[PDB]
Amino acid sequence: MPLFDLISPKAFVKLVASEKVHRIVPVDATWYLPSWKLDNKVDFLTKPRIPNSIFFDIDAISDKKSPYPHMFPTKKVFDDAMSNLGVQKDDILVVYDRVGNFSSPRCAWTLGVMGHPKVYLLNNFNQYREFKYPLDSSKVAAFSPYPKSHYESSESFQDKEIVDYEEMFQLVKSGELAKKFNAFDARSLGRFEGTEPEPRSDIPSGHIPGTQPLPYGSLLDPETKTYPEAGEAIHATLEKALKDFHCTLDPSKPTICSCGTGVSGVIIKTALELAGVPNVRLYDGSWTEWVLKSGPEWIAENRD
């Protein structure tokens, strides 16, 4: 039972066109690196969206109480968000973002993890726009065109989907992380290697011992940022990424994805699941939490 399926623009419009039962709520989960000086909210409101889109605020729909970035939202924050956005349980949520499988996977995954029955990750809005799929180019003054709903996650899959620090640390402390898991870090190789800084000032780069660099971009088409198609394409991409970054993905091991903050970790997590890699979890705390909770002792550099 996939937490969300990728959906191509064509499959999406097919889905929309064919849908007789379920509301299809595209979910713009656009979130930008602050470095980009873009405004995801303004972009949602004022840049073309997939018709009937809600905006999924990656930032707001997170554990903002956590000292760690992009921490999975609490059930309440999530439900309230969904409610606020008028998301109904029955909605087919089709998540996209303006970047290209950047925050949308995180979002699709969040929706999925929070047990939303039907969640698609549009793969992706870039291609959707490139190929002129239906855009609501109207400027809106709402992050949702839908009346507030009473959305309540009946089930969630954090346990199956999110590696907590405790487990991450134990796995690493026990030196069993690499043994028991394919542990991939979606951050740049440079950040993984500690050769390049974390986008955070309080956090040195480097990696969790036992993890491997799988920079999320390696798993997306370089220009369109689409996930390669399931099957040969994603496998070719995945194996190439694994080759390029001298990584192992043991099909017998479950997988942990992490990154700096847990957002791009879902990008690769999604790519891995797309590639049919089973039991991929996101170390949501990711590198940031890792560093903050573990200290410099638990920071591996290069490929250590």
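In this text, residue numbers run from 1 along the sequence as written.
Annotation for 48-56 versus 245-253: the higher mean temperature factor (C-alpha) is found in 245-253. Looking at 105-113 and 173-181 together, the entry lists the larger mean B-factor for 173-181, computed on C-alpha atoms. Among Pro215, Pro134, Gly194, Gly100, the highest C-alpha B-factor recorded in the PDB entry belongs to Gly194. Comparing C-alpha B-factors across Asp28, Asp43, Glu273, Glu239 in the deposited entry, the largest value falls on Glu239. The PDB entry assigns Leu6 a C-alpha temperature factor belonging to the lowest third of its chain's modelled residues. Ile203 sits in the highest third of its chain by CA B factor, as recorded in the PDB entry.
Per the deposited record, the Cα B-factor of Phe72 falls in the middle third when ranked against the other modelled residues of its chain. For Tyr128, the recorded CA B-factor ranks within the lowest third of the chain. Only modelled residues enter the ranking. The deposited CA B-factor of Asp284 belongs to the lowest third of values across its chain.
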